[PDB]
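Peer 1: Below you will find the structure I want to go over with you.
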Amino acid sequence: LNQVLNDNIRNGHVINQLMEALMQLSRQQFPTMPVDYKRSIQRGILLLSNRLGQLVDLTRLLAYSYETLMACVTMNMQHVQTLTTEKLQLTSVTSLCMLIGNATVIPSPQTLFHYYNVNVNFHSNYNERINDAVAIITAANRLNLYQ
Amino acid sequence: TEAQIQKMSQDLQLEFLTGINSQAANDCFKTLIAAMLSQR
Amino acid sequence: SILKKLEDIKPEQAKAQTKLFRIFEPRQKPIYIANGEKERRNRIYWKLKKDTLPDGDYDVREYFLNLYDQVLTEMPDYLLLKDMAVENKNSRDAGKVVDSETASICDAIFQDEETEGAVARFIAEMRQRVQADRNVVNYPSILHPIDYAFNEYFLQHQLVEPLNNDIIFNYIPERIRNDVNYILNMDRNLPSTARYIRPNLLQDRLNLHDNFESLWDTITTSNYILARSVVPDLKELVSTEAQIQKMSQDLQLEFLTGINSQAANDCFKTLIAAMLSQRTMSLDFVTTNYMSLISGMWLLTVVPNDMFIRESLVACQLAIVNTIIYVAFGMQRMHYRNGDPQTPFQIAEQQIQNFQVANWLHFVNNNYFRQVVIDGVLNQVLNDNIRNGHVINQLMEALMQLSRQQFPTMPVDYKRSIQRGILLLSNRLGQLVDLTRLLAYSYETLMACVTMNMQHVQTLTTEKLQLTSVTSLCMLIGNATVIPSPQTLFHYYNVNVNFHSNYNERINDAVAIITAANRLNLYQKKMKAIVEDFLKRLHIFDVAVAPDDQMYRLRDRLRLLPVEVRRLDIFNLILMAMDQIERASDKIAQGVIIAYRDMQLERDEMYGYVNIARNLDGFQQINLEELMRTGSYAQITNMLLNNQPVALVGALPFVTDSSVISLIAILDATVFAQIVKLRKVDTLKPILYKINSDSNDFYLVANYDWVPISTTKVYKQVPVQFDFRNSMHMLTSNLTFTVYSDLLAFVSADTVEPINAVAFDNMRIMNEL
């Protein structure tokens with residue numbers, strides 16, 4: 001089982017719609033808002049809007065690396081809401097969006113093979129320990145080791 | 001980082017820019033991709 | 001600092017060609033008979049002057065982009081062939097040829113046993129012909145067809161144009177010429193051979209005033225500094241001590257802060273320069289200075305309100321209404337909510353019944369600049385009432401109504417203070433009309449010297465203005481008029497022309513390079529360097545601070561522009577002769593054909609027998625560039641293993657081997673196993689056989705009478721011979737001329753008496769006596 005992304009974000013085309021929305025917001029009137037704060041907000045919007053090409057590149061780079069690393073996962077990618085969550089900093093997201101450059105970085109083949117080997121080893125160990133536990137439990141129940 | 005921070009400060013005209021740097025950018029990249037991979 | 005940077009931009013330097021641009025030269029080579037024996041005489045072939053072509057198609061295209069840059073740098077603006085003229089020693093008439101290398105070629109051909117009498121007589125008759133009446137000269141030259149194409153283009157597309165007194169005078173802006181305050185003069189009748197180069201003054205093509213707010217802010221601040229430098233200094237201001245004592249008597253102290261000539265000149269310059277450069281300006285004031293408020297009323301009357309950031313304008317207007325207007329009419333204080341779509345004046349004109357005050361407020365609300373294209377340049381013209389100073393009458397009528405009001409709900413001292421301040425201005429009423437029309441006239445005259453569109457977009461940063469400085473100007477302006485001097489106007493115009501011309505020339509350079517790289521398909525090249533060079537050459541920006549995204553947006557903006565005619569023509573010549581130039585090299589081949597079949601070596605005079613292929617007809621082609629980009633050696637590995645005949649196409653280096661023993665041993669067929677084993681083709685180096693009488697083993701070919709045969713061939717071109725008569729061309733150019741720059745140096749200008757300086761309405765700017 002794999003958790004797959006929408007093709008529009010895989011190729012990065014939705015960033016164009018995002019920048020359309022941001023441009024509309026930037027030329028929006030903002031009724032009743034104080035003028036200097038309005039200008040700051042809309043120039044902040046333009047800061048991200050004027051990075052259309054860079055953000056398209058960032059999105060499709062992120063999608064490609066996710067696909068390539070997901071090709072090396074062996075267990076089902078079951079999606080559940082976890083008890084404890086990883087904290088993500090919107091400041092860090094801003095830094096990524098405002099500093100992403102022009103160089104494509106992709107996993108090295110050795111890195112992919114290492115990730116795949118680790119996943120395969122963990123998966124096979126998981127199944128083999130299941131087999132050991134089930135065998136022992138069944139043997140105990142068959143030999144009537146009630147204690 | 002310095003050039004981008006300077007332009008952001010000029011555009012925002014803060015009569016915000018904290019936490020913006022290459023370390024944070026890489027941390028966010030890794031966090032997003034790894035969280036998607038592990039379904040965390 | 002900024003002024004130094006913007007004034008140091010020098011006008012474009014004229015480039016005069018000193019030598020003929022050449023890519024080829026004749027080289028004398030041995031030639032062999034059909035059977036491979038030396039012909040006992042030599043032959044001359046065209047060869048590259050600099051055989052530096054690299055291996056790989058991508059590298060070849062990079063080399064040709066670099067060659068395009070070289071030619072663009074070599075392009076001359078004007079050209080005089082007599083400068084590149086040397087005596088042809090073998091001419092019967094002792095004539096002259098049009099280059100040192102031409103003379104060298106003529107000398108070498110003439111002093112040669114193998115040369116034929118026909119060529120000798122041709123050289124003897126080569127000479128130049130001068131037509132003094134038409135001011136033309138024709139010189140013979142010897143150029144390979146491609147070189148001749150380039151040099152003929154240079155000769156036919158020079159940038160110089162005729163010059164004379166009428167052109168020099170017309171170079172001045174029309175509005176200065178049409179201005180009766182300036183008398184222009186000349187003391188030189190330029191000849192009929194004078195030349196000049198017109199600046200490139202196309203209006204901004206990148207539209208930097210749209211979505212490039214940081215770059216636009218830099219441009220605007222540079223223009224603002226320049227405008228401040230050129231705005232004249234006020235003269236004969238009323239003595240500050242006298243004015244202070246007089247207004248102390250008027251106010252009966254028992255308002256004056258910031259009154260002085262320094263602040264008066266500061267305010268005058270700041271206003272005019274801010275309007276010229278379209279810099280937004282903020283207003284700095286303290287609500288406790290009612291005189292500052294009154295002077296702000298005058299300022300908002302005179303200068304259109306779009307020149308202030310909304311918050312400063314709104315603060316000033318709110319202070320004005322709540323301290324003067326509503327108070328005088330006994331109206332409740334305006335609770336003005338920040339961010340309201342309407343300004344305090346816009347609200348007050350609706351709430352106020354008095355016609356004078358309402359009319360003045362309405363004028364202030366709906367007063368705008370007018371965008372007008374004047375003499376091909378967009379200008380922000382003021383209202384004619386402001387230009388002739390009539391708005392001051394409206395302002396004073398409003399102020400008089402306010403001072404007449406009864407000020408209900410406030411103690412008597414409040415009304416007393418308000419009317420004392422209004423009196424301070426009313427005493428200066430006439431001086432206010434004079435100051436208004438003086439400001440308008442100086443603005444118009446300095447705006448006549450602007451060459452780039454006066455775009456009106458609020459800037460990131462603002463210029464601070466003190467209402468105390470406005471008050472000082474209003475309280476200290478005297479009777480003397482100040483008109484921009486003709487020298488200052490010419491200097492301002494020349495600075496603007498230089499900046500505009502540099503801007504357009506760098507735009508053209510960047511566009512040409514970008515379009516050429518796209519045409520040559522340099523898909524691994526990043527143009528951030530090109531944009532960085534463009535911005536650095538603009539001389540006023542901080543490229544180190546400009547981030548990458550802005551530079552790539554600039555590249556996108558540049559990509560849509562058309563290419564200059566001359567640069568586009570140069571690129572077209574380069575790209576059409578590109579194949580010939582690449583294939584004339586002796587350092588690379590165009591590919592290798594592996595046939596696995598016996599193919600007789602082709603016989604060429606300058607090689608003997610050679611395994612040359614002129615065309616890849618009948619062979620499946622593999623693109624080595626694509627192979628190296630992709631890295632998948634599956635197709636080529638399979639073909640090499642299965643001995644399937646193929647043609648590996650690309651720019652390859654080759655090893656020239658002249659051993660008949662090697663040819664018999666079939667060494668040329670043993671150079672491809674490396675592709676299969678190492679799985680790389682960047683080291684591929686096919687063997688070009690060269691069998692002839694100088695091969696040290698040619699007795700095998702001579703005695704056994706066999707045509708040599710090889711199983712592989714090198715895709716190459718045979719060099720083209722050098723035909724002297726066919727290569728002689730007569731280059732034509734002007735005999736002589738002198739190229740002038742800085743046209744306004746020939747014009748001497750002076751002003752009329754300042755007392756008699758006349759405004760647009762034919763009346764004196766300042767009339768107070």
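The chains in the structure tokens are called A, B, ... from first to last as shown; in each chain the residues are counted from 1, and the ligands are counted from 1 in the order shown.
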Within chain A, find each residue whose DSSP state, derived from the backbone, is alpha helix (DSSP H), and express the selection as an MDAnalysis selection string.

Peer 2: chainID A and resid 7:10 14:26 35:49 52:70 90:99 109:143

Peer 1: Contacts between chain B and chain C, please, where a residue of chain C counts if it comes within 7 Å (with only C-alpha atoms); show its shortest atom pair and distance in Å to one decimal, rows by chain and ascending number, as a tab-separated table.

Peer 2:
residue	atom	partner	partner_atom	distance
C:545	CA	B:3	CA	4.6
C:546	CA	B:3	CA	6.4
C:547	CA	B:3	CA	5.7

Peer 1: Where does DSSP see strand (DSSP E or B) in stretch 458-695 of chain C, if you list the residues as JSON, numbers by chain?

Peer 2: {"C": [463, 464, 465, 466, 589, 590, 591, 592, 593, 594, 595, 596, 597, 598, 599, 600, 602, 603, 604, 608, 609, 610, 612, 613, 621, 622, 623, 646, 647, 648, 649, 650, 651, 652, 655, 656, 657, 687, 688, 689, 690, 691]}

Peer 1: Just need the residues of chain A within 8 Å of chain B, counting only C-alpha atoms, so spit them out as JSON, numbers by chain.

Peer 2: {"A": [40, 41, 43, 44, 47, 62, 65, 66, 69, 70, 77, 78, 79, 80, 81, 82, 85, 86, 88, 89, 91, 92, 93, 94, 95, 96, 97, 98, 99, 100]}

Peer 1: Excluding residue A:12 and any residue of its chain fewer than 2 positions from it, enumerate the residues within 8 Å of it, using only C-alpha atoms, and give them as a ChimeraX atom specification.

Peer 2: /A:8-10,14-15,56-57,59-60

Peer 1: Output as number ranges by chain the set of chain A residues within 6 Å of chain C, with distances taken over only C-alpha atoms.

Peer 2: A: 32-35

Peer 1: Could you please take those selected residues and save N, CA, C and O atoms as a PDB file, in the first residue's frame?

Peer 2:
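What landed in result.pdb:
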ATOM      1  N   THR A  32     -11.175  48.608   5.420  1.00  0.00           N
ATOM      2  CA  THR A  32     -11.139  49.005   6.822  1.00  0.00           C
ATOM      3  C   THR A  32      -9.834  48.655   7.523  1.00  0.00           C
ATOM      4  O   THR A  32      -9.667  49.020   8.689  1.00  0.00           O
ATOM      5  N   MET A  33      -8.914  47.974   6.871  1.00  0.00           N
ATOM      6  CA  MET A  33      -7.658  47.651   7.531  1.00  0.00           C
ATOM      7  C   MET A  33      -6.723  48.857   7.490  1.00  0.00           C
ATOM      8  O   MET A  33      -6.687  49.575   6.488  1.00  0.00           O
ATOM      9  N   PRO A  34      -5.954  49.106   8.549  1.00  0.00           N
ATOM     10  CA  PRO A  34      -4.992  50.212   8.498  1.00  0.00           C
ATOM     11  C   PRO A  34      -4.029  50.038   7.333  1.00  0.00           C
ATOM     12  O   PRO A  34      -3.609  48.927   7.007  1.00  0.00           O
ATOM     13  N   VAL A  35      -3.683  51.162   6.706  1.00  0.00           N
ATOM     14  CA  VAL A  35      -3.086  51.116   5.376  1.00  0.00           C
ATOM     15  C   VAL A  35      -1.684  50.528   5.421  1.00  0.00           C
ATOM     16  O   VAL A  35      -1.303  49.747   4.545  1.00  0.00           O
TER      17      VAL A  35
END

Peer 1: Quick one: residues within 7 Å of residue C:481, only C-alpha atoms, excluding same-chain residues fewer than 4 positions away - as a ChimeraX atom specification?

Peer 2: /C:754-755,766

Peer 1: Would you save the residues from that selection as an mmCIF file, in the first residue's frame, using C-alpha atoms?

Peer 2:
data_model
loop_
_atom_site.group_PDB
_atom_site.id
_atom_site.type_symbol
_atom_site.label_atom_id
_atom_site.label_comp_id
_atom_site.auth_asym_id
_atom_site.auth_seq_id
_atom_site.Cartn_x
_atom_site.Cartn_y
_atom_site.Cartn_z
ATOM 1 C CA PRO C 754 15.459 86.802 -13.115
ATOM 2 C CA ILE C 755 13.144 89.736 -12.385
ATOM 3 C CA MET C 766 7.412 86.531 -9.094
#

Peer 1: One decimal, Å: what's the distance from atom CA of residue A:20 over to atom CA of residue C:461, could you say?

Peer 2: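 Pair atom CA of residue A:20 / atom CA of residue C:461 returns 26.7 Å.
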
Peer 1: Extract, using only C-alpha atoms, all DNA, RNA and protein residues at most 9 Å from residue C:365, discarding same-chain residues fewer than 6 positions from it, and format them as a list in words.

Peer 2: residues 304, 305, 343, 345, 346 and 349 of chain C

Peer 1: For residue C:175, which residue out of C:449, C:412, C:281, C:25 is the nearest one, using only C-alpha atoms?

Peer 2: C:449

Peer 1: Find the spatial neighbours of residue C:464, counting only C-alpha atoms, within a cut-off of 8 Å - ignore same-chain residues fewer than 5 positions away - and output them as a PyMOL selection string.

Peer 2: chain C and resi 281-284

Peer 1: Using atom CA of residue C:416 and atom CA of residue C:244 as the two end points, give the distance in Å to one decimal.

Peer 2: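 So the answer is 19.1 Å.
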